[PDB]
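Read off the chains here:
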Amino acid sequence: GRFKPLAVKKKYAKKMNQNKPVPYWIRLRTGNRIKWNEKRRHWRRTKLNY
Amino acid sequence: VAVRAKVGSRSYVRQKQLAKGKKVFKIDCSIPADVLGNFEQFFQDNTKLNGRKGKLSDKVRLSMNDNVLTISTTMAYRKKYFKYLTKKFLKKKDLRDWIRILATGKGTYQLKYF
Amino acid sequence: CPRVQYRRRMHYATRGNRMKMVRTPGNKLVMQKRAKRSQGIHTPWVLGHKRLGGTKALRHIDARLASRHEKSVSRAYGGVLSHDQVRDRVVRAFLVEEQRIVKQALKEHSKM
Amino acid sequence: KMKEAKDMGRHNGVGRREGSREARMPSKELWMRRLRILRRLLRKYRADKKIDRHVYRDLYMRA
RNA sequence: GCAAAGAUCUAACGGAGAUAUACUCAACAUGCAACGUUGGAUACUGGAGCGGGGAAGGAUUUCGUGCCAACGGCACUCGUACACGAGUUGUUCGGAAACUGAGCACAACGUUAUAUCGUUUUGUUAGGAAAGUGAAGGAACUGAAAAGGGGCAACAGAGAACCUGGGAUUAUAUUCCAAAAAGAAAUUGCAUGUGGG
RNA sequence: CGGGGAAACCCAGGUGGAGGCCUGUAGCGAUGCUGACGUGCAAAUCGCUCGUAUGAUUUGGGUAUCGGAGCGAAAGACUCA
RNA sequence: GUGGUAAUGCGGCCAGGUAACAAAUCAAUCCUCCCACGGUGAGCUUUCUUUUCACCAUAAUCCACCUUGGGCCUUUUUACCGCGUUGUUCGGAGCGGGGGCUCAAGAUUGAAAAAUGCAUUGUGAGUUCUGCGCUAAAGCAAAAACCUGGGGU
RNA sequence: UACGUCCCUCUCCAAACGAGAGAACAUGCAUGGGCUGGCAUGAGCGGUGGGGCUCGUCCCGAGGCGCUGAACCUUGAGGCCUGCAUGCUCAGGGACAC
RNA sequence: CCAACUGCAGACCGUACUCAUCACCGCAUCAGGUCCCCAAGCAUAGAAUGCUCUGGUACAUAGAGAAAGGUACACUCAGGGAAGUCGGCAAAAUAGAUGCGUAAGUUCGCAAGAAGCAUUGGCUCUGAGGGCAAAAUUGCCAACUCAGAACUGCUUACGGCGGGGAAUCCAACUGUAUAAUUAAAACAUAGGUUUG
Ligand SMILES: [K+]
Ligand SMILES: [Mg+2]
Ligand SMILES: [Mg+2]
Ligand SMILES: [Mg+2]
Ligand SMILES: [Mg+2]
Ligand SMILES: [Mg+2]
Ligand SMILES: [Mg+2]
Ligand SMILES: [Mg+2]
Ligand SMILES: [Mg+2]
Ligand SMILES: [Mg+2]
Ligand SMILES: [Mg+2]
Ligand SMILES: [Mg+2]
Ligand SMILES: [Mg+2]
Ligand SMILES: [Mg+2]
Ligand SMILES: [Mg+2]
Ligand SMILES: [Mg+2]
Ligand SMILES: [Mg+2]
Ligand SMILES: [Mg+2]
Ligand SMILES: [Mg+2]
Ligand SMILES: [Mg+2]
Ligand SMILES: [Mg+2]
Ligand SMILES: [Mg+2]
Ligand SMILES: [Mg+2]
Ligand SMILES: [Mg+2]
Ligand code: NA
Ligand code: NA
Ligand code: NA
Ligand code: NA
Ligand code: NA
Ligand code: NA
Ligand code: NA
Ligand code: NA
Ligand code: NA
Ligand code: NA
């Protein structure tokens, strides 16, 4: 609801920033191995719980 | 409430009367402007007085002048009544479209176009 | 008919969260908080605990910001005791002191 | 329409009553109404000096 | 097998989702089924509601524009899905600053091979010297009087100075609005004039 | 408050609103159908019927007592399927 | 500091008070619903319907100053009788009548405020805060913060 | 190649689905009329009614009487009559046989 | 020194959305579970039950459609009426309100809604029950309830709503209690006694 501590709010903000896909030129770099993010999170599948 | 009612008393309905000073209503038919005779006949034949339609005696008088129908009475009426009767007449003569009634003054109705 | 909601972020019907229904100039029905009241200035509890005459029942900030007349009276012990209690104390003081003086004088006159 | 009929007393018979007599018209309300009427009348008579205090007190007790 | 919670019909727009033929052939007998929005019709919930707000829990699911591979156990032109871009405004609202409660246990002391143990609100630490500044007088210093150490524990108890209107958003509002503050108040700290003293 | 009686007391009409009182919603439970389901809607649920519903009542948050230990209107019940 | 016979107007330390506390009964204001009068808009209209539906709003904060419910003052003194509640009671420890002081809750007049909002002003029922002052071998949390007085300064 | 058979379409003595009995411009289908049956006297209008209201009249009133064995329904999972009346059909289409 | 006036200043964190037949827990968008506030009209005793204005919704795969056999929160049945079965299991059955009437037993409180009999619609009328404004008199007005009468009708016709009686065993009573096969006669209880 409305109440949360500022420390918890900042942790949630960091997670929101991390939840993004890989930019396209990373795949064009030389010797590249990354295709998908593979650390994507969905609010309905896995819970952070903090 | 103070006196119990009876069913047979619905035969006579007594309309309340003013203390003094006849009230006057006016209906304007300039914008729609023959028909005035029909309208006046309809009003004098349909207006109710104390219960009965048509025979209104002399407690209510009507007149048409300068495209304006006038009603003078010493009997307590409602301005809404002569809007209801006019809507009735317009429906019967099949012109409820493109014509409407609007209050203009404190005691006057006015016809208009849509 | 219309239905209302809480507006001050506390949603429980306790003795401190009392509300009233108000119709505004804009033709809507809202909820406004009802202020808490006070019982007023009283006589001491062991002496009867009666509400004192000439004093007003004011809450915290009102009592702080009001003037002295509202909470006291010009007599002695104004705003603490009532008129009958003051009269009884005056009479008791005088009579007890007189009895004490008489007894001590009698003792000294017997001694001398 | 039905309310005017019921004001004339038309649909309130034995076969239409469904709740108890006290549920429909409680007896405590009737008693309070009657006793207040009687006390008001007695006070008015005493004020208008039709009866005296001696008669008033006896009537007040019997009411 | 996909049967609890009664139920949908119609026209016009939209869309690749059609009125999709080898010909003969007027047409039916050779392109079925299903989708969104708007209008109309018919029903359901029935104020202990498939109504409008909050706590715990969740943490961007909110909003707009697109998209329709996978997922929404049938379907989709639609989505709490996917992509991009945005959104949360306070002297007074809730908390803290600043109360105490059932309670907890830092210091001190004691005990234990071992503190990672015990006592610690029935006024109340500890064999126990736990007070650090008012007024002062002749700008700061100096030191009289005050038994019983420090702290936490209630977003429903105590406490707590603000209300309406808005043509003000795509999404926030007792939080935004500008000199005619749309406006009208209340309260706190420090200063300045007036009056009284 | 009315009537009776020598007296002790007796007969009657109102007012009032008591109780681990009664019928009955919400709530808190779970008797029967030995119903339905029994590769379920569900690792205990559904329907009707049933117990109680001012009290030894129901419920939110905070706090306190655990592994040969805790807690128990006592069934070897319960202590994160 | 200062008026009134009075109830009571007005300009360190110590003792009390507010915070601060159950049930039932009965009865206000606010709000909701209904009815009666009007005004404005829309619906029905083969026939009937002086008709059916919707709307008619007033925040906080402030001035000035009538009701009804408690407590009290002064005057004239109550013969076991009087007062009073729906209800279980009050009186020489001061009933009732006359005149007053005060408290709580409302009403009214006005400033705000039409400059706003939308396209009137009267009855009856129901519900809160409020008042009616304060089961039991069960008997109604505390503190901060604040208020008044007694003294000295 | 021919004879023909099956599907699509229509009917119901058959029928879970297949299979069956039939028709294939045919009173075949549709609507209406008449019959046979069911219920029980329609909407509307009008001069007996316990009572009541206003000026011998004029009105409010449950019910009753008349028009009125009226009104409505009657083949549809499928009653009758063309040895009763009209309307629609306008080269039936496809696959096998091959 | 005291008040108002006036000037300037008024810091920190929360604030989107949800709160559930899709946003939380149950492996899931699961017929299970989850605290608080506001709460309209009519019938009616009514927060029972049925229907409706405002707000919300047409989402839970659909179409055609007479097999047997099933499930149901769906019904009827001639004559008989428990003969069925371990056993009236299951179903039926009683039913609101008002008047009259009510046994044995008993801790005098109850048993008791004991049992049982009667009435009830519609319409048109009559009587009783009050207030404030000037007298045991005049006007004006509100709100509903009860009782009595004439006329008239029934196909006994929404929903909702106890079947009753005579006995025996056990436990005095209200309560608790094996979450997921046992709700009892078990446990508790007031009362009684003993011990330190
Ligand atoms: K320790
Ligand atoms: Mg299958
Ligand atoms: Mg299926
Ligand atoms: Mg199934
Ligand atoms: Mg419905
Ligand atoms: Mg209900
Ligand atoms: Mg799918
Ligand atoms: Mg979208
Ligand atoms: Mg996403
Ligand atoms: Mg609080
Ligand atoms: Mg605050
Ligand atoms: Mg929003
Ligand atoms: Mg019971
Ligand atoms: Mg055992
Ligand atoms: Mg009460
Ligand atoms: Mg057959
Ligand atoms: Mg909610
Ligand atoms: Mg669910
Ligand atoms: Mg209801
Ligand atoms: Mg039979
Ligand atoms: Mg028999
Ligand atoms: Mg046998
Ligand atoms: Mg049975
Ligand atoms: Mg028992
Ligand atoms: Na959290
Ligand atoms: Na009684
Ligand atoms: Na269904
Ligand atoms: Na403590
Ligand atoms: Na604290
Ligand atoms: Na009980
Ligand atoms: Na079973
Ligand atoms: Na099965
Ligand atoms: Na919000
Ligand atoms: Na069990």
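Residues numbered from 1 in each chain as written, not as in the entry; some residues may be left out. Chains lettered and ligands numbered in written order. Part of a larger assembly, values for the part shown. Heavy atoms only, no water. Residues with missing side-chain atoms left out of burial classes, pairs and counts.

The name the PDB entry assigns to chain D is Putative 60S ribosomal protein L19, from the organism Leishmania major strain Friedlin. Per the header of the deposited record, the title is "CRYO-EM STRUCTURE OF LEISHMANIA MAJOR 80S RIBOSOME : WILD TYPE".

For chain A, the name recorded in the PDB entry is Putative 60S ribosomal protein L39, with Leishmania major strain Friedlin as its organism. In its Sequence similarities (unreviewed entry) section, the UniProt entry covering chain A states "Belongs to the eukaryotic ribosomal protein eL39 family." (UniProt positions renumbered as here; feature names shortened; annotations may be inferred.)

A.B. asks: Can you help me understand the overall build of chain D in this one?
C.D. replies: Tallying secondary structure elements over chain D gives 4 helices and 0 strands in all. Element order for chain D, N to C, with α for helix and β for strand: α-α-α-α. Its C-alpha atoms give chain D a radius of gyration of 19 Å, clearly above 11 Å, the size a compact globule of 63 residues would have. Oriented by its inertia axes, the alpha-carbon framework of chain D measures out at about 50 × 25 × 15 Å. (Helix = DSSP H or I, 4+ residues; strand = E, 2+ residues; numbered from the N terminus. Rg over C-alpha atoms; globule rule 2.2 N^0.38 Å.)

A.B. asks: Looking at this structure, how should I read unusual backbone geometry?
C.D. replies: Note on backbone geometry: most residues besides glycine have negative phi, and most peptide bonds are trans. One non-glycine residue with positive phi stands out, namely C:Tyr77, at about 60 degrees. By the element assignment, C:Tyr77 lies in the loop between α1 (60-65) and α2 (83-111). With phi around 70 degrees, D:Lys49 is a residue other than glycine that occupies positive phi space. Along the chain, D:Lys49 turns up in the loop between α3 (27-47) and α4 (53-62).

A.B. asks: Before we go on, may I ask you to explain the pattern of salt bridges in this structure?
C.D. replies: Note that C:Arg100 is salt-bridged to C:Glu97, the shortest N-O span being 3.4 Å. Taken as a pair, C:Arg100 and C:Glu97 lie in helix α2 at a separation of 3 residues, close to a single helical turn. Across the salt bridge formed by D:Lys3 and D:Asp7, the nearest N and O atoms sit 3.5 Å from each other. One end of the pair is D:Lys3 and the other is D:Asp7, both in helix α1 (residues 2-7) and 4 residues apart, which spans about a single turn. (Salt bridge = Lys/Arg side-chain N within 4 Å of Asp/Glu carboxyl O.)

A.B. asks: Any chance you could explain the sheet that holds strand β7 (residues 108-113) of chain B here in plain terms?
C.D. replies: Note on sheets: strands pair through backbone hydrogen bonds, and any given pair is parallel or antiparallel. Residues and elements named next belong to chain B. The 5 strands lie next to each other as β4-β5-β1-β7-β6, forming an open sheet whose pairing is mixed. The two strands at the open ends of the sheet, each matched to only one other strand, are β4 (60-65) and β6 (99-103). This sheet shows a mean twist of 20 degrees between the axes of neighbouring strands, independent of strand direction. Where β4 lies against strand β5 (residues 68-73), 6 bridges are found, and the strand directions are antiparallel. Pairing of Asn65 across the sheet is with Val68, part of β5. (Pairing = 2+ DSSP bridges. Axes fitted to C-alpha atoms, helices over the stretch in contact; angles between N-to-C directions.)

A.B. asks: Looking at this structure, how should I read the packing of helix α1 (residues 35-46) of chain B against helix α2 (residues 81-92) of chain B?
C.D. replies: In helix packing, the relevant descriptors are the interaxial angle and the interaxial distance, both defined with respect to the helix axes. Residues and elements named next belong to chain B. At a minimum axis separation of 11 Å, α1 and α2 run at an interaxial angle of 125 degrees. Taken as axis vectors, α1 and α2 run oblique relative to one another. Note on packing geometry: the crossing formed by α1 with α2 is right-handed. Along the contact surface, α1 presents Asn38, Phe39, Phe42, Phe43 and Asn46, while α2 presents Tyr81, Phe82, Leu85, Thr86 and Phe89. By residue class, the composition of the contact of α1 with α2 is 7 nonpolar, 3 polar and no charged. (Parallel < 35°, antiparallel > 145°, perpendicular 65-115°, else oblique. Left-handed = near helix turned anticlockwise from the far one by under 90°. Contact = heavy atoms within 4.5 Å. Nonpolar A, V, L, I, M, F, W, Y, C, P; charged D, E, K, R; others polar.)

A.B. asks: Any chance you could explain the arrangement of the chains here in plain terms?
C.D. replies: In this assembly, 2 pairs of chains are in contact, and the pair with the greatest number of contacts comprises chains B and D. The smallest C-alpha distance separating chain A from chain B is 54 Å, and no contact links them. Chain B shows no contact with chain C. Their nearest C-alpha atoms sit 25 Å apart.

A.B. asks: Teacher, can you tell me more about the environment of D:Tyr60 here?
C.D. replies: Mapped onto the elements, D:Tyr60 comes out in helix α4. Setting aside residues no more than four positions away along its own chain, D:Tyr60 makes contact with D:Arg39 and D:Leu42.

A.B. asks: Could you clarify how one ought to interpret the packing of aromatic side chains in this entry?
C.D. replies: Any aromatic ring pair is given by two values, namely how distant the centres are and how the planes are angled relative to each other. Taking the centre distance of 5.5 Å and the plane angle of 35 degrees together, the rings of B:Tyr77 and B:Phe82 count as tilted. Between B:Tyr81 and B:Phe82, the ring centres sit 5.7 Å apart and the planes meet at 35 degrees, which makes this aromatic pair tilted. Three or more aromatic residues joined by ring pairs form one cluster here, namely B:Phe25, B:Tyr77, B:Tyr81, B:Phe82 and B:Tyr84. Above the ring of D:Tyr56, the side-chain terminus of D:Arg46 is found at 4.3 Å from the ring centroid. (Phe/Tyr/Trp six-rings, centres within 6.5 Å; stacked < 30°, edge-to-face > 60°. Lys NZ or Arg CZ within 6 Å of the ring centre and 35° of its normal.)

A.B. asks: Help me out: how do you make sense of the UniProt feature "binding site: Mg(2+)" (unreviewed entry) in chain A in this one?
C.D. replies: Residue and element names in this part refer to chain A. Taking the numbering used here, the UniProt-annotated feature "binding site: Mg(2+)" (unreviewed entry) corresponds to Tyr50. Of note, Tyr50 is situated in the segment after α1 (6-18). Setting aside chain neighbours within four positions, we find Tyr50 in contact with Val8, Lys11, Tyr12 and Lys15.

A.B. asks: Quick question: what am I supposed to make of the pairing of strand β1 (residues 18-23) of chain C here?
C.D. replies: In summary, the side chains of a regular strand alternate between the two faces of the sheet. Residue and element names in this part refer to chain C. Pairing of β1 with strand β2 (residues 29-34), which is carried by 6 bridges, proceeds in the antiparallel orientation. From the neighbouring strand, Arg18 faces β2, where its bridge partner is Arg34. Linking β1 to β2, which pair antiparallel, is a turn of 5 residues; within it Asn27 sits at a positive phi near 70 degrees.

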